[PDB]
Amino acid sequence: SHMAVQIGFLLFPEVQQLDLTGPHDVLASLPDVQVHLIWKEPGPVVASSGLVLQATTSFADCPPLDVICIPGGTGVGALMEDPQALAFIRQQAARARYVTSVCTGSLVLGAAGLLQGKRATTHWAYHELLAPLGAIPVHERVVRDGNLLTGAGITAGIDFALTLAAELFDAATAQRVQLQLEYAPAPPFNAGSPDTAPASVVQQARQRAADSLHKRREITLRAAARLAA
């Protein structure tokens, strides 16, 4: 309808698609919502896995949003130094009801200056990069600070989206969607956190992520210097 809640996801090259598609299917289940997938131009955008998604609107044509949501992925390092994307995020965040992210999407909110003095979370492996962007880093899976809501790594998007649904509507509506989703998780292993995974598994992951972390540290301190000037 013309009175729909306007929800926008930034869709960028090398996005982690589940950061976007998990929340999308939760929020698209709510009454009279319009969901936008936003990039520089409408058209195909390839996720890090090779899954092809389709942007529905340009930055220029995007209507004022009730909710803006920034997903994470390999592609976040480019976005943290993209003046056009950061300008769009700051413009929309001026008047949004909720300014939101999942996973390393919060590093993009950080680069835009929107985490200064604010409680935030991100993916467990990249949590150290919050403090240089002015955030109060919180080791919780969904973190609220006023109208800012951030989710932790990838699958936290589902927990994040049900939390947001309760704020947009009410607990009864969020619970109905949870039941329609049959979201009563029963993971076959207990390795979802660095605190519970076998030590060997946490070590192999920190070994894998080390190169990305050192590259994102340098981008993060360049982004922090631009907020300082």
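All residue numbers refer to positions in the sequence shown, first residue = 1.
**Residue stretch of maximal mean CA temperature factor, 176-184 vs 56-64** = Going by the record's values, the stretch with the higher mean is 56-64.
**Prompt:** On average, are the C-alpha B-factors higher in 89-97 or in 152-160?
**Reply:** Per the deposited B-factors, the answer is 89-97.
**Asked** Per the PDB entry, which option out of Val45, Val26, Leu37, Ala171 has the greatest Cα B factor?
**Response** Among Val45, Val26, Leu37, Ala171, the highest C-alpha B-factor in the entry belongs to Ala171.
**Asked** From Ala165, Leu51, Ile70, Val33, pick the one with the largest CA B-factor in the entry?
**Response** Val33 has the highest C-alpha B-factor of those listed.
**Item:** CA B-factor placement of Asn147, once the chain's modelled residues are sorted into thirds
**Value:** It falls in the top third of the chain.
**Request:** Tell me, lowest, middle or highest third: where does the Cα B factor of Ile219 rank within its chain?
**Result:** Answer is middle: the recorded C-alpha B-factor places it there.
**Item:** Among modelled residues of the same chain, the CA temperature factor third for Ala131
**Value:** Its C-alpha B-factor belongs to the highest third of this chain's values.
**Asked** Is the Cα B-factor recorded for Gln84 in the lowest, middle or highest third of its chain?
**Response** It falls in the middle third of the chain.
**Item:** For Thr121, the third of its chain into which the C-alpha B factor falls
**Value:** CA B-factor rank for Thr121: lowest third.
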